[PDB]
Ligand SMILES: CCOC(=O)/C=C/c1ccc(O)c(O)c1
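So this first bit is one chain, no partners, the form deposited without this ligand, shown in structure tokens.
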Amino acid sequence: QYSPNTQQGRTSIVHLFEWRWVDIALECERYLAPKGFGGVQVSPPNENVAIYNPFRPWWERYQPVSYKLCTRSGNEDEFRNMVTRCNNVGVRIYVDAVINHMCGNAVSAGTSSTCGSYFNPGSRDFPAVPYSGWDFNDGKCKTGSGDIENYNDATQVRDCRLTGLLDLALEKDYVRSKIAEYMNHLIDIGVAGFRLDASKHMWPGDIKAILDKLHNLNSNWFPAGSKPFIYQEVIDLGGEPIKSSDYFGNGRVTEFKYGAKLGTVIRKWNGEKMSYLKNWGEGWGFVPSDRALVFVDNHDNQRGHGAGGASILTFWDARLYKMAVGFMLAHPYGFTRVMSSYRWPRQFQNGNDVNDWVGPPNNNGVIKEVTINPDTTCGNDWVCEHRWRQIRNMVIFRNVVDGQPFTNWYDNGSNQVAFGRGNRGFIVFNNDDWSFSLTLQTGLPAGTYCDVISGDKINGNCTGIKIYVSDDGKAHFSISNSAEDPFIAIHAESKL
């Protein structure tokens, strides 16, 4: 469960948040595959409640009605077409599996779902699965509200309702089997792994029982004996009885301390400095690298949901965000996930965004197609951070230096740092309020290298900054604090 099952040489996955299947399918062929991306995390592919108040929020997708592959992203035929086309070009698909619960207990009964399936939350009736009252934790939860009231009680966190979401009785073989039937359908279609949504709200033993029922990956694309890649969403910032370590036996875990701390350092809050990043990783109290799924921001915290707070860096903070993402994919710690978002009318009032619910770009509820501009950026309000030169090039940087040790660290005691990855890559950062101009040891072979942040290597030439490395591995770096991107990165493949 710990291996990504990505094609050899590809080291990152991208979250194409709310993208339609047909859009992901062609993105796999026209961009992801040739640019060296390892895989894609897709939004929940199962039928969900259609919420009209507020109008079709992104979060309606986290309220299951059935396990039919029928959503605003497309139907089953379109899903399978996507998985097939992506796998054919070496790009894997990872499903966001919402298995801890069904929809909100307060949702009106009827057929207000993405595929017309009937459901009755009040009576716990979900005939499309089918689930009944005997399949929920109503009689198991011990809180007065029936919802999770205190995270200091590990039992209610698992047996009660997360914000009113009907909690599935995961100890029952029937329920474990229905979830496995769903996941096995996806595995046989060709999916490579899953993001286990709300894993903190499930007992590690129940998750394990479910995973024991899973099929080995489809033998038409994967080697025999391949296991689905499993990463569990467990928000562990340290002050609770539940630890992410409790889930290591099932697969990898999301390390939310990563983006939270990276944001604080980059923003220079509480007197933190980039120079402190010398021992970044386990030294900061993070989970072991081989059990970590890292990222700067996710679909939740980029908009005030989940955990991380105001420190979280997002596309809205473009300049600093690129540096954060840059540092992340240059550093050897964990398996990296890049975020790809859509723009929404963010409206702050008293410090909170009142439009944090806004769903993906749409026309009367129908998700807009992802259009590509001549400069390779996206239209229709899709941000496409994965297409930004600075991010895309760093995704490649990670592929190029994979396996190389962390070496040749430099710091000025403040916010100007640098380090290399073996003899295959080097990166320099300037986050201070003054210019950086110094000759550093890179560990790279002598020659002329193209800075992949300010430009690209094209037709035997660089379109941006050029770095000259001497026989002894030294090279001069000059970064003004006024630069568009205050960081430079060079690697074995950007060499002239």
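Each residue number is its position in the shown sequence, starting from 1. Under this definition, the rigid core comprises the largest set of C-alpha atoms superposing within 1.5 Å between the forms.
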property	result
238-246 or 393-401, whichever carries the higher mean Cα B-factor	238-246
167-175 or 305-313, whichever carries the higher mean Cα B-factor	305-313
Residue with maximal Cα B-factor (values as given in the PDB entry) among 475, 22, 488, 14	475
Residue selected from 218, 270, 73, 298 by maximal Cα B factor	270
Residue 419, C-alpha B-factor rank within chain (lowest, middle or highest third)	middle
Chain-relative CA temperature factor third for residue 436	highest
CA B-factor placement of residue 78, once the chain's modelled residues are sorted into thirds	middle
Cα B factor band for residue 291 (lowest, middle or highest third within the chain)	lowest
Lowest, middle or highest third - CA B-factor, residue 116	highest
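The next section is about a form of this same protein that is not shown, the form solved in complex with this ligand.
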item: This ligand: the contacting residue among 138, 181, 149, 369 in the bound PDB entry [heavy atom, 4.5 Å]; value: 369
item: The unique member of 342, 410, 327, 248 whose heavy atoms fall within 4.5 Å of this ligand in the bound PDB entry; value: 248
item: Interface segment, criterion being heavy atoms within 4.5 Å of this ligand in the bound PDB entry, picked from 396-404, 421-429, 74-82, 215-223; value: 74-82
item: 4.5 Å heavy atom contact, residue 18 and this ligand in the bound PDB entry; value: no
item: is_contact(residue 438, this ligand) in the bound PDB entry, heavy atom dist at most 4.5 Å; value: no
item: This ligand contact at residue 287 in the bound PDB entry, heavy atom, 4.5 Å; value: yes
item: Distance check, residue 331 to this ligand in the bound PDB entry, heavy atom within 4.5 Å; value: no
item: Within 4.5 Å of this ligand in the bound PDB entry: residues from 14-33 (heavy atom criterion); value: 20, 22, 23, 26
item: Entry of 336, 87, 311, 341 that shows, once the rigid core is matched between this form and the one not shown, a C-alpha shift of 2 Å or more; value: 311
item: Yes/no, residue 110 Cα shift of 2 Å or more between this form and the one not shown with rigid core fixed; value: yes
item: Residue 54 C-alpha moves between this form and the one not shown by 2 Å or more, core aligned; value: yes
item: Large Cα shift (2 Å or above) at residue 76 between this form and the one not shown, core-fitted; value: no
item: Distance direction in the bound PDB entry for the C-alpha atoms of residue 310 and residue 297, relative to the displayed form (3 angstroms or more); value: closer
item: Cα-Cα trend for residue 308 and residue 104, given that in the bound PDB entry the distance shifts by 3 Å or more; value: closer
